[PDB]
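Student: There's a structure below that I have some questions on.
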Protein chains: 4
Amino acid sequence: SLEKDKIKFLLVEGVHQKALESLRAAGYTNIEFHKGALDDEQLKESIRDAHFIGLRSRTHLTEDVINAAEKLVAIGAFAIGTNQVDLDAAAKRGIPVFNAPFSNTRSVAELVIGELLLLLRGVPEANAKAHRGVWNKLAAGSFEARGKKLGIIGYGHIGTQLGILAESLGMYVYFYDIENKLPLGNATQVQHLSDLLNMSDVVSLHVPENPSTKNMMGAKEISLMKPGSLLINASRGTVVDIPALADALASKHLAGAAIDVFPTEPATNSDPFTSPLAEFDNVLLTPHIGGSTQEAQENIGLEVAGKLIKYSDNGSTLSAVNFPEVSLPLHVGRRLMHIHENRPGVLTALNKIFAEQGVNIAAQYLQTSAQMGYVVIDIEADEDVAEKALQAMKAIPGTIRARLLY
Amino acid sequence: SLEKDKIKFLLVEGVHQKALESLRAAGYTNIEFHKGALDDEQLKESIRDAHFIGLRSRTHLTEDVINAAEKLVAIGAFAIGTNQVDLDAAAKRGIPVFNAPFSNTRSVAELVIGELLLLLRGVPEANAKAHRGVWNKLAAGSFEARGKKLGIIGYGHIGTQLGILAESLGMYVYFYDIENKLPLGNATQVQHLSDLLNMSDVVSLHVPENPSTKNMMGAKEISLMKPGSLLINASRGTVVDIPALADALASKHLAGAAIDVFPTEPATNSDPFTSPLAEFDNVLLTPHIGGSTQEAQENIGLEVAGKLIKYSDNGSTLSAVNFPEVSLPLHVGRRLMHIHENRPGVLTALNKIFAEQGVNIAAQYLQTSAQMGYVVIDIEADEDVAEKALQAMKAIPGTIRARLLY
Amino acid sequence: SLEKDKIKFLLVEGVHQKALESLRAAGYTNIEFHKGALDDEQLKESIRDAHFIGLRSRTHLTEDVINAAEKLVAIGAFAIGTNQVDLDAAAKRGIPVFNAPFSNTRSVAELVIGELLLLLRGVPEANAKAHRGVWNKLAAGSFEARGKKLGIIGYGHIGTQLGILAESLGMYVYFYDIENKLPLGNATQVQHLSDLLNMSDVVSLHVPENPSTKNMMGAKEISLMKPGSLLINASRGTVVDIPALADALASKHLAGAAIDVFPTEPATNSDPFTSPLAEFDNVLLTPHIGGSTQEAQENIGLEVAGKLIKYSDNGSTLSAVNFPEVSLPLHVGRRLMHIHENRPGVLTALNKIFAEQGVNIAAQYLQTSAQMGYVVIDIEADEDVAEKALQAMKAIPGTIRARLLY
Amino acid sequence: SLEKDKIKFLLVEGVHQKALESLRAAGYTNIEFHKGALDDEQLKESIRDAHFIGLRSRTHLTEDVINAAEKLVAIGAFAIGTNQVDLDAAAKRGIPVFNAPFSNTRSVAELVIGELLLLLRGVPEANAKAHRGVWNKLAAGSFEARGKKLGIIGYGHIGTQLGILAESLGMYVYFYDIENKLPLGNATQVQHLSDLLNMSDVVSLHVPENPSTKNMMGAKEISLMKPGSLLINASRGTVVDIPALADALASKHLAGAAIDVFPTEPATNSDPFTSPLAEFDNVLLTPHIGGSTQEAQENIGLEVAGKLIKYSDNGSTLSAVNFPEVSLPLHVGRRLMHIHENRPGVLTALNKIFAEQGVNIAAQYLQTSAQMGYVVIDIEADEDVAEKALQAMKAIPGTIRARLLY
Ligand SMILES: NC(=O)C1=CN([C@@H]2O[C@H](COP(=O)(O)OP(=O)(O)OC[C@H]3O[C@@H](n4cnc5c(N)ncnc54)[C@H](O)[C@@H]3O)[C@@H](O)[C@H]2O)C=CC1
Ligand SMILES: NC(=O)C1=CN([C@@H]2O[C@H](COP(=O)(O)OP(=O)(O)OC[C@H]3O[C@@H](n4cnc5c(N)ncnc54)[C@H](O)[C@@H]3O)[C@@H](O)[C@H]2O)C=CC1
Ligand SMILES: NC(=O)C1=CN([C@@H]2O[C@H](COP(=O)(O)OP(=O)(O)OC[C@H]3O[C@@H](n4cnc5c(N)ncnc54)[C@H](O)[C@@H]3O)[C@@H](O)[C@H]2O)C=CC1
Ligand SMILES: NC(=O)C1=CN([C@@H]2O[C@H](COP(=O)(O)OP(=O)(O)OC[C@H]3O[C@@H](n4cnc5c(N)ncnc54)[C@H](O)[C@@H]3O)[C@@H](O)[C@H]2O)C=CC1
C-alpha cells in the first residue's frame with residue numbers, strides 16, 4: 001500500500017483497461033496511461049522514473065532508451081511479438097521481458113473456420129464480382145464443410161482449438177506435426193506430410209517462424225494438395241511460397257486460399273499493399289488480423305499485467321523471454337533476489353552473508369543462462385537484518401542488481 | 001419390370017445423378033437425360049411420350065406444353081421454386097406437381113455461420129481493400145463469435161439448424177417466430193420482435209415470402225437493432241428494405257451485412273447486377289447461393305425422385321403442391337386411382353362399380369380441393385376384373401383420369 | 001361444451017392426474033375417477049353409462065363386461081399390456097382399444113445403466129454379504145464401465161436410448177437386430193449374434209415377446225458370451241433360459257446378471273416369488289419395474305388420454321391395437337363415422353345416401369381388417385342433413401355403429 | 001544401464017504390472033516382485049539391500065524396518081493411504097515417501113452414478129426382498145435420474161468428475177465447497193449448505209478427513225435434506241453420523257442411502273462387519289470399494305512408479321508427503337543432491353565446496369520444512385570433480401545424505 005504507491009507503471013499504445021484493473025486490484029495504482037505511441041523524446045521523459053513499462057508493437061525500446069530508464073525493473077510486451085524491444089540490452093541490465101504468446105488462440109481459430117466456410121462455397125469470388133455489377137452464381141463446385149477433411153499443420157495451441165471447432169461443424173480433422181501429440185476429440189495424426197496434403201480438402205497452417213518452416217509450402221508441397229482444395233495461412237508470413245501459390249491458383253489446381261500474413265507487411269494503414277494474390281478474387285487477403293479482436297486484447301492485458309504483478313510481488317520470471325526462469329512458492333520470512341553474471345563464487349558469497357550472521361536460509365532457487373544468473377532467496381529474519389543484507393548483496397563482485405521483495 | 005420399362009422419365013437441366021440411381025433401383029430405366037435446357041420445340045418433342053418430367057428453374061412448363069404432353073402423369077420440380085410450372089394447368093389435367101422444399105437446410109445454415117464469422121471480424125471490408133492495394137487493419141471493433149447473441153427470425157427448418165450450429169460456436173441463440181415453438185439446445189423464444197432486435201449482435205432471417213414478411217425489416221425495424229450489429233438475409237429477396245439498409249450502413253448504425261437474395265435478380269450469369277449495397281465493402285453480396293451446393297443437389301435429387309417413384313408405385317400425393325394430399329398403406333389386392341371434378345355423385349358411382357359386381361373394397365382414401373378430387377382404392381379382385389373396372393371408372397361423369405397401379 | 005359435458009369417462013386403478021388434465025383441457029369434465037380396482041359388480045354399475053373407460057392391469061374387461069357396457073365408444077389401456085381386455089369382443093362391438101406401448105423408454109434405459117454399473121463392480125454381491133455381517137471386498141475383477149463393450153439385442157425404442165446413455169458413460173455400443181437399422185452416435189450393427197455375444201462385456205435384451213425370441217438366450221447362446229461377462233434382461237420373461245443362466249452363474253462363466261422379468265410372475269405383492277437365481281448374490285432380481293416410475297406414469301397418462309381425446313374429437317384410430325387404422329385431417333363440413341362388417345356393398349350404400357341427396361362428400365377414409373371395416377367421412381351439409389343422414393347410415397345392412405363427430 | 005542394473009526395487013503386495021513396465025522402460029530391471037505381503041522377518045531380509053520399496057496397505061514400514069533398510073532411497077505407497085508407513089522415521093533418514101492420491105477419480109464417480117440410479121428406483125430394497133422369496137414391486141415413489149437435482153459436497157477431483165457424469169444423465173448439479181471454485185458444464189455453486197441440502201434429491205459426499213468434516217452430516221444436517229431424498233457417502237468413514245442416519249432411515253425422512261466407508265472397518269475379508277444400517281434393505285453397504293477397480297490399479301501403478309523413477313533420475317520430490325518439495329529442469333552438467341538438517345550455514349558450506357574449486361554452479365533449488373532441508377544442484381564439471389565433491393558434501397556438519405544423480 002504505502003510502499004506500492006511508489007512503484008510507477010508506464011503503459012503506452014493503449015493496452016486494454018483490464019490491465020489497469022488487475023494492476024489496481026493488486027494494490028498498484030501509480031499508473032501513467034497513454035492511448036498513443038510516445039515519441040522518442042516523450043518516451044525518454046516518461047520512462048525515466050518508471051519501474052515497469054507495458055507497450056505494444058510501435059514502441060522501440062532500444063539500448064539507449066533502456067539505458068536511460070533509470071528505475072526500470074521489468075518490461076511487458078502486451079503482444080505476441082517482441083522485436084521492438086532489445087532483449088539482450090534488457091537482459092544485461094537484469095530486466096526481464098514478458099509477453100503473451102498464447103492469448104489469442106480462439107480468434108485465430110474462428111477466423112479459419114469462417115474462411116474455409118466461405119471459401120468452400122466460392123463466396124469471396126462471387127462477392128468481388130457482385131460489387132462490380134457482375135453476377136456469377138457458379139454452384140457446380142460449392143460444398144458444405146460438413147463431411148469434409150481439414151488438414152492441420154501445427155497441432156499446437158491454435159491447431160488443437162481449430163480441430164475442436166472443426167469437429168463441431170462435422171468435419172474430419174487430420175494433423176501433421178514434427179513432434180508426436182495426443183489428439184483431441186477424433187483428431188488423427190498423420191505420419192508424412194504427403195498423406196495429409198493428399199487427402200485434405202482444406203489445409204491450414206499453424207506453425208512457428210524458424211528455418212524449418214521457411215517456405216515449407218512451396219510448389220512441390222502445393223502440388224501434393226488434392227485438386228480443387230483450399231490453402232489457408234494465418235501463421236507466419238514466411239511459411240508459404242506466395243509465387244508458387246499464385247501459380248497453383250492461376251492453374252486452378254487450388255480452388256482458393258486465405259492469407260492473413262506476408263513476407264513483408266505495410267508498417268501502417270497508410271502504406272501501400274502489394275501481392276501477386278491481389279489479382280485473384282477467389283483468394284481472401286487479410287491484413288494480419290488473425291489474432292486481432294477485443295477478446296484477444298482482454299486476454300493479453302490480463303496475462304501480461306499478471307506477469308508483471310507476479311514478478312513484482314514474488315520475483316517469478318516464469319515465461320520471461322530474455323531471462324532464466326525461476327519461481328518459488330511463498331513461505332514465511334523475507335524474500336530477496338539477486339541478478340549477477342554467471343561466474344564461480346557468487347552463490348557462496350551470497351549465502352555466506354547469512355551464515356556468518358547466523359541467519360537461516362528457508363529456500364532458494366537459482367537459474368542461469370549462458371552469461372547470466374538469477375536467484376531468489378527466502379530467509380528467516382527481521383526487516384532490519386534484511387536491509388543490511390541487501391546492501392551486502394549489492395556489494396558482491398559480479399552483482400548486477402538486487403531487491404527485497406518483502 | 002416388363003410394364004415398367006415402358007414408363008418414360010424425361011429429366012432436363014441436369015438433375016443430380018443420384019436421381020437416376022433411385023429411378024433405376026426402383027426398376028425404372030426408361031430415362032431420357034439432358035444436362036441442358038431443352039428449347040420450346042425440342043421440349044415439345046421429348047415430353048410428347050413422357051410419363052414424368054423432372055426439371056429445374058429454366059424450363060417453362062406452360063399450359064400449351066402441358067396440354068401437348070400426351071402421356072404425362074406427374075411433374076418433378078427438382079428445386080424449391082415452382083413458378084416455371086403452371087400449377088393450375090397441371091392440376092386441371094390431373095397432374096400432380098412435386099418439389100423439394102427442405103432439401104437444403106444445412107447449406108443455408110453454414111453460409112450464415114461463415115458470414116457472421118467474417119462480418120464480426122470486418123473481413124469482407126479489409127479484403128476488398130487489400131485487393132485494391134490498400135491495407136487497413138482496423139481491429140478496435142472486431143469480435144469473436146463466441147459469447148455473442150444471435151437473433152434468428154423464423155425458427156423453421158433452417159432457423160433450427162442455424163441455432164444448433166451457432167451453439168456449437170458458443171453463441172447465445174434467441175428467436176422470434178409468429179408462432180410458438182419448442183426450442184432446441186438452449187435456444188430461447190422471444191415474445192416481441194423489439195426485444196430480439198435490441199439484444200442481438202447478429203440478426204439473420206429465415207421466413208417465407210408472403211404479405212406478412214414483405215419489407216418486414218425496414219427503417220424502423222433496422223433502427224431497433226443494436227448499434228454496431230449485423231444483419232444477414234438469405235431468406236427471400238422481399239424481406240428487407242434495401243434502401244433503409246443502405247442508410248443504416250452509411251450511418252454506421254449497422255457494422256455490416258450479408259444479402260444473398262434481392263427484389264429482382266439477374267436471370268443469368270451474363271446479366272448485369274445492380275444494388276445500392278454494391279458501394280459498401282462491409283457488405284457481403286452473394287448471387288442467391290444460400291442453398292446451392294453439391295450436397296443440396298444430392299438431396300433434391302433423392303427426394304423428388306423418390307416422390308415421383310412413390311406416386312407412380314402407390315399413388316401417394318403427399319406434399320404435392322397443386323393437388324389434394326392422399327396416401328394409403330399397402331395391403332393385398334389391386335390398387336386403382338381416380339381423379340375427377342369435385343361434384344356430388346362421383347364417389348358413389350365409383351363404388352357402385354364394385355358392389356354391383358360383388359367385389360370387396362378393402363380400403364379407400366379420397367381428398368378434395370376446391371374443384372378437384374382424388375381417390376385411391378384398394379380392392380380384392382382378379383387382374384381381369386380390375387381392367388374391366390378401370391374402363392367403367394373412366395366412364396364416370398366428371399372423371400378426369402384413372403389408372404391401375406397394380 | 002354443452003354436448004361434451006355429457007360424455008362420461010370412467011378412470012379406474014388410479015391413472016396419473018395428468019390424464020385428467022388433458023381431459024379437462026380438451027373440454028371433457030364428466031369424469032368418474034377411482035384410485036382403486038372396481039370389483040365385478042361395481043364395475044358393471046359404473047361402466048353402464050360410460051362412453052370411455054381407462055384402466056390398467058388389474059381390471060378384467062371381459063366379453064360380458066363389455067357386452068353390458070351400453071354406451072361404450074372406446075377403451076384406454078393406460079399401460080403397455082392389454083391382456084386384461086378382450087380385444088375381439090371390443091372389436092365386434094366397434095370399440096377400439098388404445099394403449100401406450102412406448103411411454104417408458106427412459107425408465108428402462110436408466111435401470112440398465114445403473115445395473116451394469118454396479119454389476120461390473122461386484123456390488124450386489126458385496127452388498128448382500130454386508131447386510132449379513134460378512135465383509136468381502138473382492139476388487140481383483142471389478143471394472144469401470146468406461147472403455148467397455150455393451151452388446152444390445154433389440155435396437156428398438158429402448159435399445160436406441162440405451163446406446164445413447166451408454167455412450168455418454170464412455171462405453172462402446174454394439175447391437176444385433178433381426179432387421180437392419182440406422183445407428184445413432186457411434187453405435188455399430190453386428191451381423192451374426194455370435195460376434196456380439198463374443199466381444200460384449202455386457203449384453204442387455206430389448207426384444208418383443210413372440211416365437212422368435214422365446215428362449216432366445218439359452219445354454220448355447222450364453223456360452224458364447226465372453227468369460228466373466230454380464231447378462232441383463234428387462235425385456236420379456238420368456239427370452240432367457242433361467243436354468244441355463246443359473247448354470248452359467250454357478251460355473252462362473254458369467255460374473256453376474258440382472259433380471260427384471262420372469263416366465264411366471266406373482267400376481268400380487270403378497271404372493272411368493274420363486275427362482276433358481278434367488279441363490280446367487282451376484283444376481284440382481286427386480287419385480288418387473290423396468291418401466292415403473294412416476295415419469296413413465298405421466299407419459300402413459302398423457303398419451304393414452306390424448307388418443308381417447310383424438311378418437312372422440314376426430315375419429316382417429318391410429319395405433320389402436322384391435323381396429324383398422326384411420327385418420328383424416330380436419331377440413332370444413334361435418335364429420336361422421338361408420339363401423340360395419342367387411343362385406344361388398346356397404347361403402348356404396350353409404351355414399352349413395354349423399355349423392356341421392358345432392359350432398360358433396362369432401363373426404364373419406366376407409367380401412368378394413370379381416371372381418372371389419374371402419375370409415376370416416378367429411379361432407380358439406382347442414383346439421384339437419386347430417387342427423388338425417390346418420391339415421392340412414394345406421395340402417396345399412398352390416399352396420400355395427402355410426403356417429404356424428406361434429 | 002550398467003549403473004542402473006544395480007538399483008534394486010522391492011515391490012510387495014502385488015502392485016500392478018504396469019508399474020513394472022514403467023520401471024523397465026526407464027532402464028530399471030533389478031526388481032524383486034511379490035504378489036503377497038512379506039512378513040516381518042522376510043521383509044527385513046528383502047528390504048535390506050533395497051534402494052526402493054513399493055507397497056500397499058498391509059505392509060508396516062515401521063521405524064525399525066526403515067532403520068534396518070540400509071540402502072533405502074525412497075518409498076512408494078502404491079495406494080492413496082499412507083498410515084502403514086512411518087512418515088517421520090522415513091523423513092529423518094532422508095527418505096521421501098510418494099503415493100497416488102488421485103488415481104481413482106473415475107471409479108468413485110461411476111460408483112455414485114450407479115448407486116443413485118438404483119436407489120432412486122428402490123432397487124436395493126426390492127432386490128433384498130426378491131432373494132427372500134418376497135416380491136414387492138412398489139413403484140409409487142420411484143423416479144428417473146434425469147431432471148433431478150444432485151447435491152455434491154466437495155467439488156474436488158472426484159466431485160468435478162461426478163458432476164460431469166451426472167450432467168450426461170440429464171441431472172442438475174449443485175455443489176457446496178468451503179472454498180470457491182470454477183464450475184464445469186452447468187454446475188452451480190451454492191453458498192450455504194442449507195440450500196444445497198434443501199433442494200437436492202441426491203446428496204453425495206467427496207470431502208477429506210480432518211476436524212472440519214468429522215461428523216459433518218449429523219441429525220441436524222440430515223433433517224435439512226428434502227423429504228424422500230438420498231444420501232450417498234463414498235468419501236471418508238468419519239463424515240456421517242451413522243446413528244443419525246439410521247434414525248432418518250427408520251423415520252422415512254430419507255428414502256435410502258449408500259455408504260462405502262465406516263468409522264471402523266474390518267481389517268480383513270474374514271473379520272465380521274457391524275452396522276446399524278445392516279437392518280435396512282433400502283441401504284447400500286459396500287466394503288470400501290469406491291476406488292477399487294482394475295483401472296484404478298493401473299493408474300496407481302503408473303503414477304507411483306513414475307514418481308520413483310523421476311526421484312531416482314532427477315531428484316524431484318514433487319508431491320512427496322513427508323518431504324519438502326523440489327524439482328529442477330534438466331540442463332547440462334552434473335546433478336547432485338543433499339538432505340540435511342535445517343540449520344544456518346549448510347547452504348554456504350555446500351556452495352563453498354565449488355567456488356573454492358573454481359566450479360560454476362549452473363542451477364540450484366532448496367526447500368526446507370520445519371526441521372529438514374533438501375537441495376538439488378547442477379554444476380559444470382568432470383565426473384572426477386563431482387565424485388570428490390560428493391565426498392566433501394557428505395562431510396558437512398548436519399548432512400543427512402547426498403547423491404550424484406548423473
Ligand atoms: N495471424 C495471426 O495474427 C497470428 C499468428 N500466430 C502464429 O501461429 C503460429 C502457431 O501458434 P500457436 O499454436 O500458439 O503455436 P504453438 O507453439 O502452440 O504450436 C506450434 C506447433 O507447430 C509444431 N511445429 C513446429 N515446427 C513444425 C514444422 N516444421 N512442421 C510441422 N509442425 C511444426 C510444434 O510441434 C507445435 O505443435 C505461431 O507462429 C504464432 O505466432 C499467432 C497469433 C496470431
Ligand atoms: N437463400 C437461398 O438459396 C434459400 C432460401 N430459402 C428460404 O428460407 C426461408 C426459410 O426456409 P425454411 O426453414 O425451409 O422455412 P420454414 O417454413 O421451415 O420456416 C419458416 C418459419 O417462419 C415462421 N414465420 C412465417 N412468417 C413469419 C413472420 N412474419 N415473422 C416471424 N416468423 C415467421 C414460420 O412460423 C416458420 O417457422 C424460406 O423462405 C425459403 O424459401 C430456402 C433455401 C435456400
Ligand atoms: N421391464 C419392463 O417393465 C418393460 C419391458 N419392455 C419390453 O422391452 C421390449 C423392447 O421394448 P421397445 O424398444 O419398445 O421394443 P421395440 O419394438 O421398439 O424394439 C424391439 C426390437 O427388437 C427387434 N427384434 C424383434 N425380434 C428380434 C429378434 N428375434 N432378435 C433380435 N432383434 C429382434 C426389432 O427389430 C425391434 O428393433 C418390449 O418387449 C417391451 O415390451 C417395455 C417396457 C417395460
Ligand atoms: N471410497 C473410496 O475408496 C475412496 C474415497 N476417497 C476420498 O474422497 C475424498 C475426496 O477425494 P478427492 O476429490 O480426491 O478430494 P479433493 O481434495 O480433490 O477434494 C476435496 C474437496 O473438499 C473441499 N472441502 C474440504 N473440506 C470441506 C468441507 N468441510 N466442506 C465442504 N468442502 C470441503 C475442498 O475444497 C476440495 O474441493 C477424499 O477424502 C478421498 O480420500 C478417494 C478415493 C477412494
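Easy rule for this one: first residue shown is 1, then count along the chain.
Determined via X-ray crystallography, 2.7 Å.
Quick reminder: no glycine exception, Cβ is built from N, Cα and C everywhere.
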Student: Looking at the NAD(+) binding annotation from Swiss-Prot, with A:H157, A:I158, A:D177, A:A234, A:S235, A:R236, A:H288, A:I289, A:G290, A:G291 already listed, which candidate in A:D195, A:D201, A:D260, A:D313 is the matching residue?
Tutor: A:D260
Student: Taking helix as H, G and I and strand as E and B in DSSP, count the residues of the domain 'ACT' (A:335-406) in helix, strand and coil.
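Tutor: Helix/strand/coil tally for the domain 'ACT' (A:335-406): 23 helix, 30 strand, 19 coil.
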Student: Calculate the distance in Å between the alpha carbons (Cα) of A:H157 (NAD(+) binding site) and A:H288 (active site, proton donor), and round it to a whole number.
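Tutor: The Cα atom of A:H157 (NAD(+) binding site) is 18 Å away from the Cα atom of A:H288 (active site, proton donor).
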Student: State the Cα to Cα distance, in Å, between A:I289 (NAD(+) binding site) and A:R236 (active site), rounded to an integer.
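Tutor: Rounded to the nearest whole number, the Cα-Cα distance is 12 Å.
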Student: May I ask which residues of the same chain, at least 6 positions away in sequence, place their Cβ under 8 angstroms from the Cβ of A:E265 (active site)?
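Tutor: Result: A:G237, A:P287, A:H288.
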Student: Please find which two of A:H157, A:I158, A:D177, A:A234, A:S235, A:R236, A:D260, A:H288, A:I289, A:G290, A:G291 have the most distant C-alpha atoms, given that the record lists them as binding NAD(+), and give only that distance in angstrom, rounded to a whole number.
Tutor: 24
Student: How would DSSP class A:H157 (NAD(+) binding site) in three states?
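Tutor: For A:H157 (NAD(+) binding site) - judged by DSSP and reduced to three states - the answer is helix.
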Student: Across all chains shown, how many C-beta atoms besides its own are within 10 angstroms of the C-beta of A:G291 (NAD(+) binding site)?
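Tutor: I count 24 other Cβ atoms within 10 Å of it.
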Student: In whole Å, how far is A:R236 (active site) from A:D177 (NAD(+) binding site) when you measure between their Cα atoms?
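Tutor: Cα-Cα distance, A:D177 (NAD(+) binding site) to A:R236 (active site): 16 Å.
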Student: Any idea what the Cα distance is from A:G291 (NAD(+) binding site) over to A:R236 (active site), rounded to a whole Å?
Tutor: 12
Student: Hey, which of our recorded positions A:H157, A:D177, A:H288, A:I289, A:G291 end up with a Cβ under 8 Å from chain B?
Tutor: A:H288, A:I289
Student: Do you know which of the recorded positions A:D177, A:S235, A:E265 end up with C-beta under 6 Å from ligand 1?
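Tutor: Near the molecule: A:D177, A:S235.
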Student: What same-chain residues, at least 6 away in sequence, bring their CB to under 8 Å of the CB of A:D260 (NAD(+) binding site)?
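Tutor: In sequence order, the residues whose Cβ lies under 8 Å from that of A:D260 (NAD(+) binding site) (at least 6 apart) are A:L111, A:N233, A:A234, A:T286, A:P287, A:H288, A:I289, A:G290.
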Student: Run through the Cβ atoms and count how many others sit within 10 Å of the one on A:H288 (active site, proton donor).
Tutor: 18
